[PDB]
Amino acid sequence: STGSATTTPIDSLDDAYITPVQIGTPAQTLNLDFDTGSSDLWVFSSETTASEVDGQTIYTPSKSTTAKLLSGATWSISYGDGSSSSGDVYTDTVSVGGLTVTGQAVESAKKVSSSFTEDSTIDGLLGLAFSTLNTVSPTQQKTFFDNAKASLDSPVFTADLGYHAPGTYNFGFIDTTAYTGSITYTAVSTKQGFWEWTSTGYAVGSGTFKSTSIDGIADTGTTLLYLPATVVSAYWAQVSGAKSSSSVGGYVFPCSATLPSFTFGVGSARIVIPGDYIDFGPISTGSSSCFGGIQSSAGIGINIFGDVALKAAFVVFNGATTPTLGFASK
Ligand code: NA
């Protein structure tokens, strides 16, 4: 089997991407944030505290003939941005892009933090990191990908995120029309439960490539590119008037600037992030200070290849017995 679904930016900045997901029978379609940095499929639901729901579409298990309470199971998750959610668990039929899993754990939120309530466009998350991070207790649950894997034509999924445009998540196949050149594969460590890999270095603009190992994660659920402070300082030093602002919480730059590209290495291959991808616009409405898309990972404890990086590439998440990542230009 295979599946193919379109993923759509939630706003004009590509802050996140939503993908429609069918849950239950008859289908209830919710727009989920596919997150390769976490391992829970959780949804706004008929159980979510009413004051914490503001425009999201909810999953109502009582209206699904295939829903069953997973008795005694609870979940609770905290993300890198300080957001959180928790609740109880149902099993139900879940389909993405035509690919169906029966008996998927659907984590029903009883509580969500303010950042979720305030984002009306995201109805929940679909985690695609390794199932070792799943938070369900006392019986850990599998991701949608791990439950689909054995049925797939190939044990893979691909992320093809758009810049200010829709893109695609595919399950079970490589679309050889979706990228240019060849795919370069690189090793993955699953020790922390992430798609963790080592970039071979970077360049700023037309500058020389610096060969240096940068360990980080491929995380579709993180907007920005978080790299070591040395690398980030080298990038922003090429933008007149850029500076790190403790008040704003990262590097800002004049909105009048033209940003340089940023290149990262994947083995001997190179992925180029155009400068435009690094512009996240005014820090507040009408400001002439703009927020940068490359930020320091110092204090986060890991480097994160978030959407700024991933949307410059066709990315293969190879879930074979020995996982690997692949990157191609597009
Ligand atoms: Na922000």
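Note that chain A carries Swiss-Prot numbering, so the residues on display, from first to last, are 90-419.
For all residues, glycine too, the Cβ spot is worked out from N, Cα and C.
These come from Swiss-Prot:
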- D124: active site (ACT_SITE)
- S288: active site (ACT_SITE)
- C344-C379: disulfide bond (DISULFID)
- 106-417: domain 'Peptidase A1' (DOMAIN)
Next item on the list: Under 8 Å Cβ to Cβ from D124 (active site), same chain, six or more residues apart: give me those in sequence order, or none if nothing qualifies.
Entry: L214, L215, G216, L217, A218, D308, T309, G310
Margin query: Quick check on the recorded positions: of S288, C344, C379, whose CB has the lowest count of neighbouring CB atoms inside 10 Å?
Written below: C344
Margin query: I need the CA-to-CA distance for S288 (active site) versus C344 (disulfide bond), whole Å please.
Written below: 30
